[PDB]
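*Asks:* Sharing a structure below in structure tokens format, with a few things to ask.
For neighbour counting, all protein chains shown are included, and Cβ atoms are generated from backbone atoms with ideal geometry for every residue, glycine included. Nothing in this text is a laboratory measurement; each read-out follows from the coordinates by a stated rule.
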Amino acid sequence: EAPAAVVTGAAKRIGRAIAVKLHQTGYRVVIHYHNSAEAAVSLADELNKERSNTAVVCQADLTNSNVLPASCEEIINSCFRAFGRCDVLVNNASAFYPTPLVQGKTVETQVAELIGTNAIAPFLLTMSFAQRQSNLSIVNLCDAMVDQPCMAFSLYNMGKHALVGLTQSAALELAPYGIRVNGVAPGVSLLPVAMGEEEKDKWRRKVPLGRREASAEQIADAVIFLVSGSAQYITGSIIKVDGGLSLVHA
Amino acid sequence: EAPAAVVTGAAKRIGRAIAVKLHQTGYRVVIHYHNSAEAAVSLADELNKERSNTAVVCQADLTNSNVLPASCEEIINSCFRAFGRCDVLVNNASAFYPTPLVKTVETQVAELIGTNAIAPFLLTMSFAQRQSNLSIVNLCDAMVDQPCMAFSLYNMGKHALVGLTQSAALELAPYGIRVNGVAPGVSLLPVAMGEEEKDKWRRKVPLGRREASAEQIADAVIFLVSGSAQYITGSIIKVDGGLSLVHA
Amino acid sequence: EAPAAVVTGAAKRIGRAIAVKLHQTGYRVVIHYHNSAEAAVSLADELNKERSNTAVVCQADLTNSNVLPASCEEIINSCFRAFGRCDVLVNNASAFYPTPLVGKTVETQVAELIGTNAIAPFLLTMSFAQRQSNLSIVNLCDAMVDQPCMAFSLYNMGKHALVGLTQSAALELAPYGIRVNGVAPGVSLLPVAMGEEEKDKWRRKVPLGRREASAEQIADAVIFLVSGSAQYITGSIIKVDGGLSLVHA
Amino acid sequence: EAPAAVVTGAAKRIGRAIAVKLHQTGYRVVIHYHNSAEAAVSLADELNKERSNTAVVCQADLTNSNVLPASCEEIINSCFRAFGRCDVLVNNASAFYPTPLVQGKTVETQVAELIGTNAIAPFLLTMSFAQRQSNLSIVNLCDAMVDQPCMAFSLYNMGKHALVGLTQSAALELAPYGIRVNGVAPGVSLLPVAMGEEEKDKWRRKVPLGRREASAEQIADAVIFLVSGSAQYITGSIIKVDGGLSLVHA
Ligand SMILES: NC(=O)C1=CN([C@@H]2O[C@H](COP(=O)(O)OP(=O)(O)OC[C@H]3O[C@@H](n4cnc5c(N)ncnc54)[C@H](OP(=O)(O)O)[C@@H]3O)[C@@H](O)[C@H]2O)C=CC1
Ligand SMILES: NC(=O)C1=CN([C@@H]2O[C@H](COP(=O)(O)OP(=O)(O)OC[C@H]3O[C@@H](n4cnc5c(N)ncnc54)[C@H](OP(=O)(O)O)[C@@H]3O)[C@@H](O)[C@H]2O)C=CC1
Ligand SMILES: NC(=O)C1=CN([C@@H]2O[C@H](COP(=O)(O)OP(=O)(O)OC[C@H]3O[C@@H](n4cnc5c(N)ncnc54)[C@H](OP(=O)(O)O)[C@@H]3O)[C@@H](O)[C@H]2O)C=CC1
Ligand SMILES: NC(=O)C1=CN([C@@H]2O[C@H](COP(=O)(O)OP(=O)(O)OC[C@H]3O[C@@H](n4cnc5c(N)ncnc54)[C@H](OP(=O)(O)O)[C@@H]3O)[C@@H](O)[C@H]2O)C=CC1
Ligand SMILES: COc1ccc2[nH]c(NC(=N)N)nc2c1
Ligand SMILES: COc1ccc2[nH]c(NC(=N)N)nc2c1
Ligand SMILES: COc1ccc2[nH]c(NC(=N)N)nc2c1
Ligand SMILES: COc1ccc2[nH]c(NC(=N)N)nc2c1
């Protein structure tokens, strides 16, 4: 049988590109989404038209709360219910917005969303994936610029740094079970939908390799490498895919 | 007149050593405590005997919750109330225990991520908002990249605190607030740990085959708050006797 | 037309596996070697049997000296003379032995350990870029550089320098479309003459499978980095270490 | 007796400030210099006027060559000759200039000067210091920007990375002899004499903490800390003194 992967926040953008590339490589995919129901079903429809019964959707809020563990448990369970196995987990879903230190969500909600989606949910999903258990691995979407952060993004930066810690800790602890745990760290890839072209070009111009953002496919390419048999001895590694951005001084 | 400092978890061990050394350097101090009221008070008593009305205590739980923001505001306020100013914040309080991948999990999150990361962030917010040699010092961990087996939440918390150190250094630099870290390796070992396990750790340390005293940790804190560190921000000083250099 | 690659120290072990895998991927290869002439030629003959006129050998000492720059220029030149192009440079050759702080002279130890691990890569990179679809350099780094073996300071210095080169060259060559990356093994092929009981001490420390990487596993990461799947990746170093570097003392 | 320190490249700028501050703390000082004979002798005069017989000069080229080991041995020997002990070594001397990868000194000379001064001479001095052996320690002047380097400075950057490696390897190997080895990593401090004012101001404006370069004295302060009794458990550590510069993205 074909292996199966869960990709979180897979309805659009980088998460879709990953689910699509995994699907093209022969994986069955759970397309997790939160709010983007139309886009999720649309993608699953496309993949199922390509090979029937190879894609399902799974809705869940990944904000931290007392029920986040159950929701993460259910995402993994969805993969086993659909396909009878779960070989790969990609932790892609992420909230991203400013939380200035010197200052209409409460700070408690910001913490829940930015730390929950970027770090706590990846942890609980990792726990569930491991407990529910060939080439098993987890790939965490990290951030190449965590050490040179955008001004006023403390909470998002904290969550991405915690995700590096999870990557290392989980690679260590799960290696005995043959589960590898690695990261992919974009620099600038698909810019935010809300960002104007002028601001987008300011970022593009900073990138040494080509003065352009990574395509979603270029990010997926690295994920596909880490899940592949060509990475069978790689665990605890985070591959930057940033066209040299993180090497550029102020 | 004299500058004032808040030290979280200051009743015992490393945070006590930090409080005492700050006091000895001429700071007035807020000794924050959670469960260790008796100890916090005994320390305040010792400090006030040295110099009258230069040490107060402040109780707060730093577990993440709907009230954590209010608690953190209160800790900072208690500094301004007692002393009229708040020059230094030392984020020392910390929970530490295993959370195997294979207390409810969400309590473990609230404690491990709340004490180690979220409370530092909220205290930092309150400290900056209420604003000279202003600085914040976060107690990190030199072994974050070579973590203890089954300690993922703790490690996540400590990595998040590195993130906070950097992001806050960047954002607060315009206000003249410096933000730095001190990363112990093995210092005062956990009360719970057996004596044989303790010696196993001591033996691994290149520099002298022993743990750091609490005062050795406090020494690095004192440097970072001093006028000798006025251009230093976003730096984390390991104080680990070379432990993190030692391969498997 | 087929692309071409130079692999330094390609006669044996990891560099051999890299040359083979590049050849399998459709590259013509320059097999650089220092002392291992018989192994290099054997490899070239094997490759040429697979596909005629796709492999040459090139002898050179990579120890630091006033002739090192000329040597390095000649290695790159040999690829252009054999194949008309040079698409990929793999800085694999490396000396590795203890240099305690407290029977070669120290200046020899410096020339060999810094020359092979750092200076020769720099000179090869300069010659590669000066001579210029999908150009890239891959440097063989070391996952354990921040947790070094006792009494290996010169080796460790050389490998950290190579990190610096990887970063500095990625930045500087990115406008020419040349990517520069690294692959950092932890423990891979150990000396054949090292006792199994000592090899097992290292094997036991690796989380992922309690074994060293094969040379082929290291080569797989090189192949990824030179591939079209890594078109946006520059300045990156991929650890291929089975989680060894994550293990505390 | 008073402890003694060697400071390489101590005639001017940051090395001079370290020598002065060590002297102020109680140390006897060897002022190593290469070309700056007048400024070296002038500094030694000033310190000796303050406390007689507490400063000597020592001339040496730190370019790599087959005789660099003997010159390094000579620098340490000169400390023992003057003061009968050598407690502290400060590796401060450094060449710094561009070495572009793509097109009056030969490349052989560039390597010898940039790798010799920044790395090989530190190693040889460390070896001589250790071989001749209270509170013993070495401090290497590193560079906070080594992961976000200046364009076309590959050989310099390679040398400074090697110096980080040396700091770690020697901290490990010398810990059993009670010798601690640490680094101080400036961002922008005293800017190059040859740099125009507009370019100096460009650099200043990048620094978050104050929009200005470090004083030599601020760099020296961290050196003083690391050699002091307040750093007795610190080895293998590199303290950035960069005003946040390395945190700033492109
Ligand atoms: N884009 C870039 O330039 C960079 C990206 N990255 C990382 O790469 C990954 C992909 O980036 P990108 O595609 O731009 O990500 P997006 O900003 O597009 O977010 C991906 C998905 O995350 C989901 N998500 C957000 N909040 C929640 C929540 N509370 N619960 C559940 N799901 C949620 C959303 O699903 P839905 O729409 O269904 O609600 C969204 O579609 C992320 O981890 C990101 O941090 C890192 C650096 C740069
Ligand atoms: N000891 C070591 O070897 C090492 C220490 N460190 C770091 O150094 C710092 C000091 O370490 P150490 O002195 O051993 O720490 P402790 O484990 O002794 O914790 C310090 C204090 O934190 C307070 N604390 C714990 N949980 C909470 C909570 N939920 N709310 C409020 N306060 C709480 C407690 O105060 P109370 O007693 O009042 O309840 C406790 O006394 C920590 O940040 C630690 O992670 C890092 C690496 C090694
Ligand atoms: N093996 C491992 O576990 C690890 C390897 N690495 C790195 O991976 C790479 C490959 O490793 P491995 O296969 O073990 O390497 P080897 O020890 O087999 O070295 C590769 C080749 O380097 C060449 N070389 C040595 N000295 C010189 C010199 N002075 N001039 C020219 N060439 C010279 C030799 O060529 P010849 O035989 O022709 O004389 C040798 O065959 C190296 O860069 C190494 O540091 C990193 C970490 C661990
Ligand atoms: N200034 C800054 O902004 C920064 C400095 N640093 C580091 O801090 C340290 C001090 O910086 P700075 O004061 O600017 O250094 P300088 O550029 O002023 O160099 C210090 C001294 O090094 C000596 N030196 C140079 N070449 C040789 C050689 N071949 N042999 C022997 N000595 C030599 C010179 O001695 P003489 O005059 O006697 O010939 C020179 O005065 C250096 O390691 C530097 O890389 C790091 C980052 C930023
Ligand atoms: C400004 O370009 C960026 C840099 C980092 C980012 N991280 C994310 N994460 C996300 N969840 N969208 N988007 C980014 C966009
Ligand atoms: C095993 O020695 C350690 C290693 C890391 C630690 N972190 C903490 N933190 C704490 N809050 N006690 N204690 C430690 C004790
Ligand atoms: C522990 O075994 C090792 C670790 C690192 C190494 N680096 C190298 N380099 C080399 N040129 N062989 N060999 C090694 C062997
Ligand atoms: C451009 O400002 C800098 C940044 C790094 C430097 N390193 C040095 N080193 C030196 N030997 N002068 N000078 C520098 C000047």
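*Asks:* Output the residue which, of all residues in the stretch A:141-176 that are more than 7 Å from chain B (Cβ to nearest Cβ) and within 20 Å of C:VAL247 (Cβ to Cβ), is surrounded by the most Cβ atoms within 10 Å (Cβ to Cβ).
*Replies:* Selected residue: A:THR167.
*Asks:* Within the stretch A:210-230, is even one residue out of contact with any helix residue (DSSP H, G or I) (no Cβ under 8 Å at 6 or more places or on another chain) and within 14 Å of chain B (Cβ to nearest Cβ)?
*Replies:* no
*Asks:* Of all residues in the stretch A:231-250, count the ones that are within 8 Å of chain D (Cβ to nearest Cβ) and not in a loop (DSSP other than H, G, I, E, B). Give the steps one after another, and end with the answer.
*Replies:* Within the stretch A:231-250, the subset within 8 Å of chain D (Cβ to nearest Cβ) is A:245-250.
If we keep only those that are not in a loop (DSSP other than H, G, I, E, B) as well, we get A:245-247.
Within the stretch A:231-250, residues that are within 8 Å of chain D (Cβ to nearest Cβ) and not in a loop (DSSP other than H, G, I, E, B) number 3.
*Asks:* For the condition surrounded by fewer than 24 Cβ atoms within 10 Å (Cβ to Cβ), within 7 Å of chain C (Cβ to nearest Cβ), of a type in the set (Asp, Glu) and not in a loop (DSSP other than H, G, I, E, B), what is the one hit in D:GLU73, D:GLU108? Show your work before the answer.
*Replies:* Details: D:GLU73 fails: within 7 Å of chain C (Cβ to nearest Cβ).
After ruling out the rest, the residue left standing is D:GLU108.
*Asks:* Then there's this: Among the residues in the stretch B:25-39, are any in a helix (DSSP H, G or I), within 14 Å of chain D (Cβ to nearest Cβ) and either farther than 21 Å from B:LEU122 by Cβ or within 16 Å of ligand 1 (Cβ to nearest atom) (or both)? I'd like the intermediate steps shown before the answer.
*Replies:* Going residue by residue through the stretch B:25-39, those that are in a helix (DSSP H, G or I) are B:25, B:37-39.
The next check asks that each one be within 14 Å of chain D (Cβ to nearest Cβ); those that pass are B:25.
Filter again for either farther than 21 Å from B:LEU122 by Cβ or within 16 Å of ligand 1 (Cβ to nearest atom) (or both), leaving B:25.
Yes, the stretch B:25-39 contains at least one residue that is in a helix (DSSP H, G or I), within 14 Å of chain D (Cβ to nearest Cβ) and either farther than 21 Å from B:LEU122 by Cβ or within 16 Å of ligand 1 (Cβ to nearest atom) (or both).
*Asks:* Now for a different question. May I ask you to verify whether B:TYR231 is more than 30 Å from D:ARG212 (Cβ to Cβ) and buried (at least 24 other Cβ atoms within 10 Å of the Cβ)? Before you say what the answer is, go through the steps one by one.
*Replies:* On the way: more than 30 Å from D:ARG212 (Cβ to Cβ): no; buried (at least 24 other Cβ atoms within 10 Å of the Cβ): yes.
The answer is no for B:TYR231.
*Asks:* If a residue has to be more than 24 Å from D:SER228 (Cβ to Cβ) and part of a strand (DSSP E or B) to count, how many in the stretch D:3-24 make the cut?
*Replies:* Residues in the stretch D:3-24 being more than 24 Å from D:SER228 (Cβ to Cβ) and part of a strand (DSSP E or B): 0 in total.
*Asks:* Quick one: in the stretch D:40-70, of everything that is outside any loop (DSSP other than H, G, I, E, B) and among the β-branched types (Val, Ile, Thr), which residue is surrounded by the most Cβ atoms within 10 Å (Cβ to Cβ)? Before you say what the answer is, go through the steps one by one.
*Replies:* Applying the first criterion (outside any loop (DSSP other than H, G, I, E, B)) to the stretch D:40-70 yields D:40-50, D:55-59, D:68-70.
Of the ones still in play, those that are also among the β-branched types (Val, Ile, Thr) are D:41, D:56-57.
Numbers: D:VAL41: 15, D:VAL56: 20, D:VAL57: 22.
Residue satisfying both the conditions and the ranking: D:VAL57.
For (1) under 24 Å from C:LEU208 (Cβ atoms); (2) of a type in the set (S, T, N, Q); (3) within 16 Å of ligand 2 (Cβ to nearest atom), each residue gets a yes or a no:
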{"site": "A:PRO149", "(1), (2), (3)": "no, no, no"}
{"site": "A:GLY178", "(1), (2), (3)": "yes, no, no"}
{"site": "A:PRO186", "(1), (2), (3)": "no, no, no"}
{"site": "A:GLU199", "(1), (2), (3)": "no, no, no"}
{"site": "A:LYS206", "(1), (2), (3)": "no, no, no"}
{"site": "A:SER237", "(1), (2), (3)": "yes, yes, no"}
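*Asks:* Could you say whether any residue in the stretch C:184-196 is out of contact with any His (no Cβ under 6 Å at 6 or more places or on another chain) and within 14 Å of chain D (Cβ to nearest Cβ)? Before you say what the answer is, go through the steps one by one.
*Replies:* Within the stretch C:184-196, the first condition is being out of contact with any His (no Cβ under 6 Å at 6 or more places or on another chain), and the residues that meet it are C:184-196.
From the residues that got through so far, the ones that are within 14 Å of chain D (Cβ to nearest Cβ) too are C:184.
So far as the stretch C:184-196 goes, yes, one or more of its residues are out of contact with any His (no Cβ under 6 Å at 6 or more places or on another chain) and within 14 Å of chain D (Cβ to nearest Cβ).
*Asks:* Here are the criteria: (1) surrounded by fewer than 23 Cβ atoms within 10 Å (Cβ to Cβ); (2) within 24 Å of B:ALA5 (Cα to Cα); (3) in contact with a helix residue (DSSP H, G or I) (Cβ under 8 Å, 6 or more places away or on another chain); (4) more than 7 Å from chain A (Cβ to nearest Cβ). Tell me which single one B:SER132 does not satisfy.
*Replies:* Going through the list (1) surrounded by fewer than 23 Cβ atoms within 10 Å (Cβ to Cβ); (2) within 24 Å of B:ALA5 (Cα to Cα); (3) in contact with a helix residue (DSSP H, G or I) (Cβ under 8 Å, 6 or more places away or on another chain); (4) more than 7 Å from chain A (Cβ to nearest Cβ), B:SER132 breaks only (3).
*Asks:* Would you mention how many residues in the stretch B:50-70 are within 14 Å of chain A (Cβ to nearest Cβ) and of a type in the set (A, V, I, L, M, F, W, C)? Explain how you work it out, then say what you get.
*Replies:* So the first thing to find is which residues in the stretch B:50-70 are within 14 Å of chain A (Cβ to nearest Cβ), and the list is B:62-70.
Still in the running and of a type in the set (A, V, I, L, M, F, W, C): B:62, B:67-68, B:70.
Of the residues in that region, 4 qualify.
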